[PDB]
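Inspection log for the structure reproduced underneath, given as structure tokens.
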Amino acid sequence: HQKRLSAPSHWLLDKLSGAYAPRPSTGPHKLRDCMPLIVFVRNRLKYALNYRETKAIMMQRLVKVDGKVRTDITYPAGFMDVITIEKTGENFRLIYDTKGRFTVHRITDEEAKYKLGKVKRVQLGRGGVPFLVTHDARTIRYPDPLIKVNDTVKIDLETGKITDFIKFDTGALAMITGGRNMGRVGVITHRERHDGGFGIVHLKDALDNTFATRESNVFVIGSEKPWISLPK
Amino acid sequence: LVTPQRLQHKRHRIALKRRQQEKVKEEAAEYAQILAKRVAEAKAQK
Amino acid sequence: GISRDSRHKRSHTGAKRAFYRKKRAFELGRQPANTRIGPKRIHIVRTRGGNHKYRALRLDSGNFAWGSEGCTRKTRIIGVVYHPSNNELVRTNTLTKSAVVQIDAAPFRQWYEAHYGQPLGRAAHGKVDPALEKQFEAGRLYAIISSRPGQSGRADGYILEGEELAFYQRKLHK
Amino acid sequence: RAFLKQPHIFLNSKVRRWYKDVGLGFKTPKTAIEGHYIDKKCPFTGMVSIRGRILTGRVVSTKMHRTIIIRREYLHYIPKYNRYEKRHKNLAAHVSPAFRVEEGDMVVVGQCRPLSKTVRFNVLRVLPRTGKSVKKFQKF
Amino acid sequence: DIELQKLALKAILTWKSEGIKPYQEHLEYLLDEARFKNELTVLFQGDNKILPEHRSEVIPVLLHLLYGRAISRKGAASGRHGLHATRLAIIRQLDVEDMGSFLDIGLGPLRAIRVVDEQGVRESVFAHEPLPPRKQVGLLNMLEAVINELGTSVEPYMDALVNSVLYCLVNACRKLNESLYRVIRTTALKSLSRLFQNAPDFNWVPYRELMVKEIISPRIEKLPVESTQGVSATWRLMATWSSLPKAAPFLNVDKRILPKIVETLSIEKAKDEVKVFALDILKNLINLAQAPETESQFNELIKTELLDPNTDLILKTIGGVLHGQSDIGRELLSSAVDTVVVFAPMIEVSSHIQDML
Amino acid sequence: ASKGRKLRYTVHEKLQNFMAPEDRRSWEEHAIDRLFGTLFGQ
RNA sequence: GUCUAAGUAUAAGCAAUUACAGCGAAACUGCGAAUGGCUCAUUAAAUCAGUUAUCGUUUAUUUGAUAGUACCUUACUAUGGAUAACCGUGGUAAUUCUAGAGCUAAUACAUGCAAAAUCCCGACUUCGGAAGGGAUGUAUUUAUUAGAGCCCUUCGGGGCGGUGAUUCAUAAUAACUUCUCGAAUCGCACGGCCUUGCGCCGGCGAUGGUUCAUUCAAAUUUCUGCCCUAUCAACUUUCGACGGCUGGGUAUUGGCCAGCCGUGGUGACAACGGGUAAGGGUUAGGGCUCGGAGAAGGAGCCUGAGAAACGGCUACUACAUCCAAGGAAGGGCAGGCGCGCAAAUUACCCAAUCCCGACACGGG
């Protein structure tokens, strides 16, 4: 029941969708780190028109988010989730622009089959078992032992297994997913530890603009290796 | 009333059980050979 | 009316304040348990997140640890010996946390003569400290409750040995 | 009373002293290492965790049961005067017996969980200086 | 059956006796499945312990019900905490005369059994079975709990204990349907080992051929090749024989036993624990060889029949392990150097003192 | 000084007029004051 | 209030060509109602704001995974009972008043026995695949343990889990529990082996389960910032005022409370007292956004993941309704007048946006 004006600005909405905006259901992604599926399909991608329209389309099993059908209308689709629609036969990834607003990449199954998920935390579970928690809140039993925090992992999304990983590297191109300079594509060139809390990295763009960003909100994409096709 | 469908559901339950357990066996064995390879490369650097 | 708040107290400057807000459900204080000697009288209560804790009020047997040699057994409770907080608790014989209490010696002596075999309280690895052997020939040792009987429903703890043993025996003599 | 004891280190055995670092480039003093005082509220001895805020300052009161008070002065900017105005504060921290305690010294203190109404803090380093009584004044 | 037991108890109380009268509520609370352990510790170490006057009147019914409750499988959990800790606490809290009557009710057909006669082996007895292997493994669990919770006090029942367990072992080694008999063998071995270190003064001498049939037939020609993985319960009984002075005369029976032990020592593919186990066995042998009169009753037996015919082989194997491999455990080093330190005053003449220096 | 351990002789305002004194007594007071006279001592 | 293929249908309910079949009133079950808003004495860094921290805490719902736990003296053998709704006999003057008598189901509450099973090891090995060696979950509590340059040389060369930090994570042992869980569920497709066995294996979901996440919350906590006033300089210790030790409860830290003693703590850098006049972010601008007490009155109790709901119960008080006089239920806002003379709909729909539920439909 929140207002369209209280709706965050990185998911876009015009002046004519009524005063209210729907609140996202709880899930893997965070509240303000979400674009709801209805906002995707009918408010950003305009494939349906009405609430009940979107509702009916999701009641029938036509869309699968990250390889799995999703039926709840306000499911959290936060960042680089792949969305297949088999009727048009088109898949979509959710990234930012340089302006820090949501952007959608049309894509086929060839690049759509995997996900570059950012590691949150590795642990030793019950039975002493090593498991992995990524940014998508997905856990992986028995990962490869080298992948610690601040690494990303190419994930199979059909078996969901590890397919690759990129190490946290001052020298790797990264992406900004938070803060005042949110959504700036550039290379990590330095990192300052700040032991005692809230350490940062120094990251310049491709066109000589260096800025200090927190290792919390950083997100690596590849050293060069554009493993997800950014739109030109 | 025991129906053959219900018996099949019991079979399906225990089949998913044994399938889960053998999958844990496979991932444990492959993780074991992976970590052996990794520590071999580590001490090879050493 | 019982709670845990700070609105009724004074500041660091010594000044009091009204700041009157109504007492709320996350400020809850619950009535204590006087866990005393009796048969098993334990209630169960759901709490924040519906989580159940066991309020024991009358308890007969607790599990105590002869862990310097490697066992722990569920023995009966005789009565409290000393409480570091309050002589009134010692008077009414209540079981709290860290409470030195006399217990029986029969299953411990049975385990000693079952593993080592040497009769006790009547080669070199079987060795009892002499004050503990005095407790053994008394048939009633001194253990201590290290569990919360009100907040776990049970009296678990360890036998009293050596330095703390002589310390609390001297305190008994005090 | 009761017996002071490290809670989970087995002493009455026939066949150790647990002291942890706080990290953050601090050194556990030898009195905290092997000094046979045991206090649950010392960082190296007890099981309390330092995190969050690190501070320092000058004691005004050493004479209390393991509790000093730091007078925190600062130059508050009054816009009406367009000036910096001295405002002293009063702080609270638990004193370990590990350190040698001086009056008027510059003492380094880090933040742990609240141990009383007032104390949320623990000494981590002491700098022995010749600071005078409350007549003295310095931004710190 | 719990329902059978409850109607049984109702007819027991239909027998109106003043002995059973003041404990009937305790019997009912024992049979009530929700208060078993706590009713047991109400019975024992409570205010209402059993009066020794009518104790004779109350013992048979309570021992019978307690047997039935230790046997019943329904409410038991899995693992050891399913019913094993129950039997553990039962025999921990029972009495020794109560233990005699308890083993009396526990042994149905093997209560009156004879395994040794004026001859050596009662093959006419051994070529028959009164029992299925389920009740046999249950018997062995019961007697293992008996021996472990009793300790020394197993002396006045030995003439039944050793007969029962040794019949089960000899039926097992005859049968070597394999799992039941293998586990019969293993738990009988461990219970006999605890029995050996529980009763020192007992005459184990009226039988030797039983130990021969247990040891020399299945394992001796394969013992190092099998125990290159780990210590077996045969090694456990050999170690308790090496520790007990009166069980050490059971090693001179076959003269190749210590050759196979030292061959296990010589095999370098062992996992070093069976190696230090063999070191401990020969260490206890030399400790008996240097111990005073209480062990000098059998010193001259072990000095001449065991140690003297194998000194050169001992030095050969220890030199093979001390010069062959490039890796050696430090515990292995300390244990082996201690064994040869204590073995040096045992020998006077040998053949490999050059190798040893 | 501490919590309640000192008898602060403070007049308690609601605790002030609880119950009126009810003299329910059966004898004539001369029996008992002679009785307290020649108790054990006399 | 709440229905989907996927809970329980014998409505003596409808509609038809063989336990059941479709539609499906009723009833049980599960979900809901931590809000929509109404009244009125206020809240002067205590809220609040930035800014931390939880290595001090609880979390229905989200999705992600997620359970090696046999045998263990019975020698024998896919389970229970209720009850609703339903049928009938009534009572009273009677309200969600209900008595007697007779039924039946569960995803409602309840118990729960084939010489194999499953791990770790493996000697020998033809990748053979294996002799045979050891061993038998989870939740609770306590104790213990673990938590791992130098020299030779051809001068080319050769050789010698995480945090800043934790008793953290994790593992095992000893016992412990009136201690749990480890599917006695529903629907749909129906195939391989052919012992054609009321066969053995076989897929897709719904419902349910332990733990950890994660979301959503909730809960403390750190530095700073209040407006004015000294006709406010002493104040706190007057429910401790400050410690530190020990216990209790709390989800947890905490004089938060109970025992022990110590001495405080604040203030002329403005304590304390008085007064009531109760802002923040979105920056060309203006705009735009966010912002305490009660449900007739005190006192006690009850559900739930979350309330001390104001939802209920109980007492006391105080009204006040019907009555056949014996009894029985119950306490809101809105409106019109407020001199006898005056002035804005008693409109309609959830169509859009948004919200809640067994749930595409129902309700807002």
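Starting from 1 in every chain, residues are counted up; chains themselves are A, B, ... following the order of the structure tokens, and ligands are numbered from 1 as listed.
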
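Residue-level contacts from chain C to chain G at 6 Å, counting only C-alpha atoms (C1' of nucleotides), read residues 4, 5, 13, 14, 15, 24, 25, 30, 32, 48, 49, 65, 67, 71, 72, 73, 84, 85, 86, 156 and 157 of chain C.
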
Report as a short mmCIF file (atom, residue, chain, number, x, y, z; two decimals) with N, CA, C and O atoms, in the first residue's frame: the residues of stretch 5-141 of chain E with a DSSP assignment of alpha helix (DSSP H), based on the backbone of this structure.
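New file out-v8.cif:
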```
data_model
loop_
_atom_site.label_atom_id
_atom_site.label_comp_id
_atom_site.auth_asym_id
_atom_site.auth_seq_id
_atom_site.Cartn_x
_atom_site.Cartn_y
_atom_site.Cartn_z
N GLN E 5 2.82 -58.34 29.65
CA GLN E 5 3.47 -58.08 30.93
C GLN E 5 2.55 -57.35 31.90
O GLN E 5 2.60 -57.58 33.11
N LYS E 6 1.68 -56.48 31.38
CA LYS E 6 0.81 -55.71 32.27
C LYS E 6 -0.31 -56.57 32.83
O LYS E 6 -0.62 -56.50 34.03
N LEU E 7 -0.92 -57.40 31.99
CA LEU E 7 -1.90 -58.35 32.50
C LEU E 7 -1.25 -59.37 33.43
O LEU E 7 -1.84 -59.80 34.43
N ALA E 8 0.00 -59.73 33.12
CA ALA E 8 0.79 -60.58 34.00
C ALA E 8 0.95 -59.94 35.37
O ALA E 8 0.72 -60.60 36.39
N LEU E 9 1.33 -58.66 35.42
CA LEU E 9 1.48 -57.96 36.69
C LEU E 9 0.16 -57.86 37.43
O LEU E 9 0.14 -57.87 38.67
N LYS E 10 -0.95 -57.71 36.70
CA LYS E 10 -2.24 -57.69 37.37
C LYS E 10 -2.53 -59.02 38.06
O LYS E 10 -3.03 -59.05 39.18
N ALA E 11 -2.14 -60.12 37.43
CA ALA E 11 -2.30 -61.41 38.11
C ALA E 11 -1.25 -61.62 39.21
O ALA E 11 -1.51 -62.31 40.21
N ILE E 12 -0.08 -61.00 39.07
CA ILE E 12 0.91 -61.02 40.15
C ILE E 12 0.36 -60.34 41.39
O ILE E 12 0.50 -60.85 42.51
N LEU E 13 -0.29 -59.20 41.22
CA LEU E 13 -0.93 -58.55 42.35
C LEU E 13 -2.21 -59.25 42.78
O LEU E 13 -2.65 -59.06 43.92
N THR E 14 -2.82 -60.05 41.90
CA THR E 14 -3.86 -60.97 42.35
C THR E 14 -3.31 -61.97 43.35
O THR E 14 -4.01 -62.39 44.27
N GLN E 24 3.94 -52.07 44.79
CA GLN E 24 3.08 -52.31 43.64
C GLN E 24 2.95 -51.08 42.75
O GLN E 24 2.92 -51.19 41.52
N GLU E 25 2.90 -49.90 43.36
CA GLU E 25 2.89 -48.66 42.59
C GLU E 25 4.19 -48.48 41.82
O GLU E 25 4.17 -47.99 40.68
N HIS E 26 5.32 -48.91 42.39
CA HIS E 26 6.57 -48.85 41.66
C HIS E 26 6.59 -49.83 40.50
O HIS E 26 7.15 -49.52 39.44
N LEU E 27 5.97 -51.00 40.67
CA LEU E 27 5.87 -51.95 39.57
C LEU E 27 5.00 -51.41 38.44
O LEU E 27 5.36 -51.52 37.26
N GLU E 28 3.87 -50.81 38.79
CA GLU E 28 3.01 -50.18 37.80
C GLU E 28 3.69 -49.02 37.09
O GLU E 28 3.51 -48.85 35.88
N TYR E 29 4.49 -48.23 37.81
CA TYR E 29 5.19 -47.12 37.18
C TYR E 29 6.38 -47.59 36.34
O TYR E 29 6.75 -46.91 35.38
N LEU E 30 6.98 -48.72 36.69
CA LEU E 30 7.94 -49.36 35.80
C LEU E 30 7.28 -49.81 34.51
O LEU E 30 7.82 -49.58 33.42
N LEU E 31 6.12 -50.46 34.59
CA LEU E 31 5.46 -50.94 33.39
C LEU E 31 4.84 -49.82 32.56
O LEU E 31 4.65 -50.00 31.35
N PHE E 36 9.68 -44.99 32.88
CA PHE E 36 10.48 -46.19 33.12
C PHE E 36 11.75 -45.87 33.89
O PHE E 36 11.96 -46.37 35.01
N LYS E 37 12.62 -45.04 33.31
CA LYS E 37 13.91 -44.70 33.93
C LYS E 37 13.73 -43.97 35.25
O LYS E 37 14.43 -44.26 36.24
N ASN E 38 12.79 -43.03 35.30
CA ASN E 38 12.59 -42.26 36.51
C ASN E 38 11.91 -43.09 37.60
O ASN E 38 12.20 -42.91 38.78
N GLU E 39 11.05 -44.03 37.22
CA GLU E 39 10.53 -44.96 38.21
C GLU E 39 11.62 -45.91 38.70
O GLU E 39 11.59 -46.34 39.86
N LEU E 40 12.60 -46.22 37.84
CA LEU E 40 13.72 -47.05 38.26
C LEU E 40 14.58 -46.33 39.30
O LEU E 40 15.01 -46.93 40.29
N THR E 41 14.84 -45.04 39.07
CA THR E 41 15.59 -44.27 40.07
C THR E 41 14.70 -43.77 41.20
O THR E 41 15.19 -43.08 42.10
N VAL E 42 13.40 -44.05 41.14
CA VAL E 42 12.56 -43.99 42.33
C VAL E 42 12.77 -45.24 43.18
O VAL E 42 12.92 -45.17 44.40
N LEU E 43 12.78 -46.40 42.52
CA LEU E 43 13.04 -47.68 43.16
C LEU E 43 14.38 -47.71 43.88
O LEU E 43 14.45 -47.91 45.09
N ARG E 55 12.80 -58.74 50.76
CA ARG E 55 13.56 -58.65 49.52
C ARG E 55 13.55 -59.97 48.78
O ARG E 55 13.41 -59.99 47.55
N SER E 56 13.68 -61.08 49.50
CA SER E 56 13.51 -62.41 48.92
C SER E 56 12.13 -62.59 48.31
O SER E 56 12.01 -63.24 47.26
N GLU E 57 11.10 -62.04 48.94
CA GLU E 57 9.75 -62.12 48.39
C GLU E 57 9.55 -61.26 47.15
O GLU E 57 8.69 -61.57 46.33
N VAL E 58 10.33 -60.20 46.99
CA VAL E 58 10.07 -59.29 45.89
C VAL E 58 11.00 -59.49 44.69
O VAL E 58 10.64 -59.08 43.58
N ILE E 59 12.17 -60.11 44.89
CA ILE E 59 13.16 -60.20 43.81
C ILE E 59 12.68 -60.90 42.53
O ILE E 59 12.98 -60.38 41.44
N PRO E 60 11.97 -62.05 42.56
CA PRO E 60 11.77 -62.76 41.28
C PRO E 60 10.86 -62.01 40.31
O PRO E 60 11.17 -61.96 39.11
N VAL E 61 9.78 -61.42 40.81
CA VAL E 61 8.85 -60.72 39.93
C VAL E 61 9.51 -59.49 39.31
O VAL E 61 9.34 -59.21 38.12
N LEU E 62 10.31 -58.77 40.10
CA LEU E 62 10.91 -57.54 39.59
C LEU E 62 12.03 -57.85 38.61
O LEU E 62 12.18 -57.17 37.60
N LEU E 63 12.81 -58.90 38.89
CA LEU E 63 13.82 -59.32 37.92
C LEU E 63 13.22 -59.84 36.63
O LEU E 63 13.75 -59.55 35.55
N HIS E 64 12.10 -60.56 36.70
CA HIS E 64 11.45 -61.04 35.49
C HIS E 64 10.91 -59.88 34.66
O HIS E 64 11.15 -59.81 33.45
N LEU E 65 10.20 -58.95 35.30
CA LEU E 65 9.70 -57.78 34.59
C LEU E 65 10.84 -56.93 34.05
O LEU E 65 10.73 -56.36 32.96
N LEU E 66 11.95 -56.84 34.78
CA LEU E 66 13.05 -56.01 34.34
C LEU E 66 13.76 -56.64 33.15
O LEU E 66 14.20 -55.92 32.24
N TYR E 67 13.84 -57.97 33.13
CA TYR E 67 14.30 -58.67 31.95
C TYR E 67 13.40 -58.39 30.76
O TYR E 67 13.88 -58.03 29.68
N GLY E 68 12.08 -58.53 30.95
CA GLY E 68 11.15 -58.27 29.86
C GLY E 68 11.23 -56.84 29.33
O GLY E 68 11.11 -56.61 28.13
N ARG E 69 11.47 -55.89 30.23
CA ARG E 69 11.59 -54.50 29.81
C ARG E 69 12.91 -54.23 29.11
O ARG E 69 12.97 -53.39 28.20
N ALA E 70 13.97 -54.92 29.50
CA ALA E 70 15.21 -54.82 28.75
C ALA E 70 15.11 -55.50 27.39
O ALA E 70 15.87 -55.15 26.48
N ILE E 71 14.20 -56.46 27.23
CA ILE E 71 14.09 -57.18 25.97
C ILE E 71 13.18 -56.45 24.98
O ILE E 71 13.46 -56.45 23.77
N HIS E 84 20.47 -49.75 24.54
CA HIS E 84 21.77 -50.14 25.06
C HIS E 84 22.06 -49.42 26.37
O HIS E 84 22.51 -50.05 27.34
N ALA E 85 21.80 -48.11 26.42
CA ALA E 85 21.95 -47.37 27.66
C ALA E 85 20.94 -47.83 28.71
O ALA E 85 21.22 -47.75 29.91
N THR E 86 19.78 -48.32 28.27
CA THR E 86 18.82 -48.89 29.21
C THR E 86 19.40 -50.11 29.91
O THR E 86 19.41 -50.17 31.15
N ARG E 87 19.90 -51.07 29.14
CA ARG E 87 20.52 -52.24 29.76
C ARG E 87 21.76 -51.86 30.57
O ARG E 87 22.03 -52.45 31.63
N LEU E 88 22.50 -50.85 30.09
CA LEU E 88 23.65 -50.33 30.81
C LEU E 88 23.27 -49.85 32.20
O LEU E 88 23.85 -50.30 33.20
N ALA E 89 22.28 -48.97 32.30
CA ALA E 89 21.84 -48.45 33.58
C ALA E 89 21.20 -49.53 34.46
O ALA E 89 21.41 -49.50 35.68
N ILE E 90 20.45 -50.46 33.86
CA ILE E 90 19.87 -51.58 34.61
C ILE E 90 20.96 -52.35 35.34
O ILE E 90 20.89 -52.54 36.57
N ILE E 91 21.99 -52.78 34.61
CA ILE E 91 23.01 -53.61 35.25
C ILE E 91 23.93 -52.74 36.10
O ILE E 91 24.55 -53.23 37.06
N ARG E 92 23.98 -51.43 35.83
CA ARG E 92 24.70 -50.52 36.72
C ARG E 92 24.02 -50.40 38.08
O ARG E 92 24.70 -50.25 39.10
N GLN E 93 22.69 -50.45 38.11
CA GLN E 93 21.95 -50.25 39.35
C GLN E 93 21.49 -51.54 40.00
O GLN E 93 20.88 -51.48 41.08
N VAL E 96 24.50 -57.74 43.03
CA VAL E 96 25.26 -58.91 42.59
C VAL E 96 24.53 -60.23 42.83
O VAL E 96 24.57 -61.11 41.97
N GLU E 97 23.83 -60.39 43.96
CA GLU E 97 22.95 -61.54 44.10
C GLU E 97 21.76 -61.44 43.15
O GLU E 97 21.33 -62.44 42.56
N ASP E 98 21.23 -60.22 43.00
CA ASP E 98 20.28 -59.95 41.93
C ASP E 98 20.89 -60.20 40.56
O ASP E 98 20.17 -60.64 39.67
N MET E 99 22.19 -59.98 40.38
CA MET E 99 22.84 -60.33 39.12
C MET E 99 22.91 -61.83 38.92
O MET E 99 22.80 -62.30 37.79
N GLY E 100 23.10 -62.60 40.00
CA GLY E 100 23.10 -64.05 39.86
C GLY E 100 21.74 -64.59 39.48
O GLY E 100 21.61 -65.41 38.57
N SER E 101 20.69 -64.11 40.16
CA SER E 101 19.34 -64.50 39.76
C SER E 101 18.96 -63.93 38.39
O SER E 101 18.18 -64.54 37.66
N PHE E 102 19.56 -62.80 38.01
CA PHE E 102 19.30 -62.19 36.72
C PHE E 102 19.91 -63.01 35.59
O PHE E 102 19.26 -63.24 34.56
N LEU E 103 21.15 -63.46 35.76
CA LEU E 103 21.73 -64.38 34.79
C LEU E 103 21.04 -65.73 34.81
O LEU E 103 20.95 -66.38 33.76
N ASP E 104 20.51 -66.14 35.96
CA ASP E 104 19.72 -67.36 36.03
C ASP E 104 18.49 -67.27 35.14
O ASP E 104 18.22 -68.19 34.36
N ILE E 105 17.75 -66.16 35.21
CA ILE E 105 16.61 -66.03 34.31
C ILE E 105 17.06 -65.69 32.88
O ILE E 105 16.32 -65.97 31.93
N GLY E 106 18.26 -65.14 32.70
CA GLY E 106 18.68 -64.77 31.36
C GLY E 106 19.09 -65.97 30.52
O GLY E 106 18.77 -66.05 29.33
N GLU E 123 32.69 -82.30 22.23
CA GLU E 123 32.18 -82.20 20.86
C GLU E 123 30.74 -82.67 20.76
O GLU E 123 30.00 -82.19 19.89
N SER E 124 30.31 -83.58 21.64
CA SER E 124 28.92 -84.01 21.66
C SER E 124 28.00 -82.85 22.04
O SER E 124 26.89 -82.73 21.52
N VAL E 125 28.45 -82.00 22.96
CA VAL E 125 27.71 -80.79 23.29
C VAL E 125 27.80 -79.79 22.14
O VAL E 125 26.80 -79.17 21.75
N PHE E 126 28.99 -79.64 21.56
CA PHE E 126 29.21 -78.60 20.57
C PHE E 126 28.53 -78.89 19.24
O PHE E 126 28.32 -77.97 18.45
N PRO E 133 20.39 -67.63 16.47
CA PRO E 133 21.44 -66.61 16.62
C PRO E 133 20.95 -65.24 17.06
O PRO E 133 21.76 -64.46 17.58
N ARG E 134 19.66 -64.93 16.90
CA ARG E 134 19.14 -63.67 17.42
C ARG E 134 19.20 -63.65 18.94
O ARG E 134 19.74 -62.71 19.55
N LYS E 135 18.69 -64.70 19.58
CA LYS E 135 18.83 -64.81 21.01
C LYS E 135 20.27 -65.04 21.44
O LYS E 135 20.64 -64.64 22.55
N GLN E 136 21.12 -65.60 20.56
CA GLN E 136 22.54 -65.67 20.91
C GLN E 136 23.21 -64.30 20.97
O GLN E 136 23.90 -64.02 21.95
N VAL E 137 23.03 -63.43 19.96
CA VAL E 137 23.65 -62.11 20.03
C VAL E 137 23.04 -61.30 21.17
O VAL E 137 23.74 -60.52 21.83
N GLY E 138 21.75 -61.51 21.46
CA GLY E 138 21.17 -60.88 22.64
C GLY E 138 21.80 -61.35 23.93
O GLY E 138 22.06 -60.54 24.84
N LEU E 139 22.09 -62.65 24.03
CA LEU E 139 22.78 -63.21 25.18
C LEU E 139 24.14 -62.57 25.36
O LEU E 139 24.53 -62.20 26.48
N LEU E 140 24.89 -62.44 24.26
CA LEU E 140 26.23 -61.88 24.36
C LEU E 140 26.21 -60.41 24.73
O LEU E 140 27.07 -59.96 25.49
N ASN E 141 25.22 -59.66 24.24
CA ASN E 141 25.06 -58.27 24.67
C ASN E 141 24.77 -58.21 26.16
O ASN E 141 25.35 -57.37 26.88
#
```

I want to know what sits within 12 Å of residue C:118, based on only C-alpha atoms (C1' of nucleotides), with residues of the same chain fewer than 3 positions away left out; could you give that as a compact mmCIF listing (two decimals) with N, CA and C atoms, in the first residue's frame?
```
# COMPACT_ATOMS: atom_id res chain seq x y z
N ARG C 109 30.47 -45.21 42.69
CA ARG C 109 31.29 -46.28 43.27
C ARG C 109 31.13 -47.57 42.48
N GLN C 110 29.92 -47.83 41.96
CA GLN C 110 29.70 -48.98 41.10
C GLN C 110 30.54 -48.89 39.83
N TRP C 111 30.60 -47.71 39.22
CA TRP C 111 31.41 -47.53 38.02
C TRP C 111 32.89 -47.66 38.32
N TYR C 112 33.33 -47.16 39.48
CA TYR C 112 34.73 -47.30 39.88
C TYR C 112 35.11 -48.77 40.02
N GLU C 113 34.31 -49.53 40.76
CA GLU C 113 34.60 -50.95 40.95
C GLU C 113 34.19 -51.80 39.75
N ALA C 114 33.54 -51.21 38.75
CA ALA C 114 33.25 -51.90 37.50
C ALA C 114 34.35 -51.72 36.48
N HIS C 115 34.99 -50.55 36.46
CA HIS C 115 36.07 -50.32 35.52
C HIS C 115 37.42 -50.67 36.12
N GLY C 121 35.77 -46.31 49.18
CA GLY C 121 34.91 -45.80 50.22
C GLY C 121 34.40 -46.86 51.18
N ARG C 122 35.22 -47.87 51.47
CA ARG C 122 34.81 -48.96 52.35
C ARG C 122 35.93 -49.32 53.32
N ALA C 123 46.11 -50.59 39.71
CA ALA C 123 47.36 -50.50 40.46
C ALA C 123 47.62 -49.07 40.92
N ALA C 124 48.12 -48.25 40.00
CA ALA C 124 48.39 -46.85 40.29
C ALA C 124 47.49 -45.89 39.53
N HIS C 125 46.88 -46.31 38.42
CA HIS C 125 45.98 -45.43 37.69
C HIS C 125 44.69 -45.19 38.46
N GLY C 126 44.20 -46.19 39.18
CA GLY C 126 43.06 -45.97 40.05
C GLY C 126 43.50 -45.28 41.32
N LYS C 127 43.19 -43.99 41.42
CA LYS C 127 43.67 -43.17 42.53
C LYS C 127 42.63 -42.11 42.83
N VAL C 128 42.15 -42.10 44.07
CA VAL C 128 41.17 -41.14 44.54
C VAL C 128 41.87 -40.20 45.51
N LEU E 150 29.86 -55.01 36.15
CA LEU E 150 30.26 -55.66 37.39
C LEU E 150 31.71 -55.39 37.74
N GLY E 151 32.64 -55.71 36.85
CA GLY E 151 34.06 -55.56 37.18
C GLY E 151 34.62 -56.83 37.80
N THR E 152 35.21 -56.70 39.00
CA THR E 152 35.85 -57.85 39.63
C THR E 152 34.86 -58.92 40.06
N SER E 153 33.71 -58.53 40.61
CA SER E 153 32.77 -59.36 41.38
C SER E 153 32.16 -60.53 40.59
N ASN E 198 39.13 -58.95 34.17
CA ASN E 198 38.28 -58.80 35.35
C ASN E 198 38.61 -59.85 36.41
```

12 Å contacts from chain C to chain E using only C-alpha atoms, as a ChimeraX atom specification: /C:38-40,59-63,72-78,103-119,139-140

Would you give me, as a tab-separated table, each residue of chain G having an atom within 8 Å of an atom of chain E, along with its shortest atom pair and that distance in Å to one decimal, using only C-alpha atoms (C1' of nucleotides) and sorting by chain and residue number?
```
residue	atom	partner	partner_atom	distance
G:69	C1'	E:79	CA	6.3
G:72	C1'	E:138	CA	6.4
G:73	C1'	E:135	CA	3.9
G:74	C1'	E:1	CA	5.9
G:112	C1'	E:74	CA	7.7
G:115	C1'	E:177	CA	6.0
G:121	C1'	E:229	CA	7.5
G:122	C1'	E:229	CA	6.2
G:123	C1'	E:225	CA	5.8
G:132	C1'	E:226	CA	6.6
G:133	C1'	E:230	CA	5.9
G:134	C1'	E:230	CA	7.9
G:136	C1'	E:79	CA	6.0
G:137	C1'	E:79	CA	6.9
G:178	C1'	E:35	CA	5.8
```

For chain D, list the residues within 10 Å of chain G, counting only C-alpha atoms (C1' of nucleotides), and write the list as a VMD selection string. chain D and resid 1 to 4 6 to 10 18 to 26 39 41 43 to 44 47 to 55 63 to 68 73 to 76 85 to 90 94 111 to 120 137

Any chance you could tabulate, as a tab-separated table, the residues of chain A at most 12 Å from chain D with each one's nearest atom pair and distance in Å to one decimal, using only C-alpha atoms, in chain and rising number order?
```
residue	atom	partner	partner_atom	distance
A:193	CA	D:24	CA	11.9
A:194	CA	D:24	CA	10.2
A:195	CA	D:24	CA	7.0
A:196	CA	D:24	CA	6.9
A:197	CA	D:52	CA	7.5
A:198	CA	D:52	CA	10.5
```

Those same residues - C-alpha atoms - I'd like them written as a tab-separated table (two decimals), in the first residue's frame.
```
chain	number	residue	atom	x	y	z
A	193	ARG	CA	41.32	-3.33	4.33
A	194	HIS	CA	40.25	-0.93	7.12
A	195	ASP	CA	40.38	-3.66	9.75
A	196	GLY	CA	37.82	-2.66	12.33
A	197	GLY	CA	34.97	-2.48	9.86
A	198	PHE	CA	33.82	-1.17	6.46
```
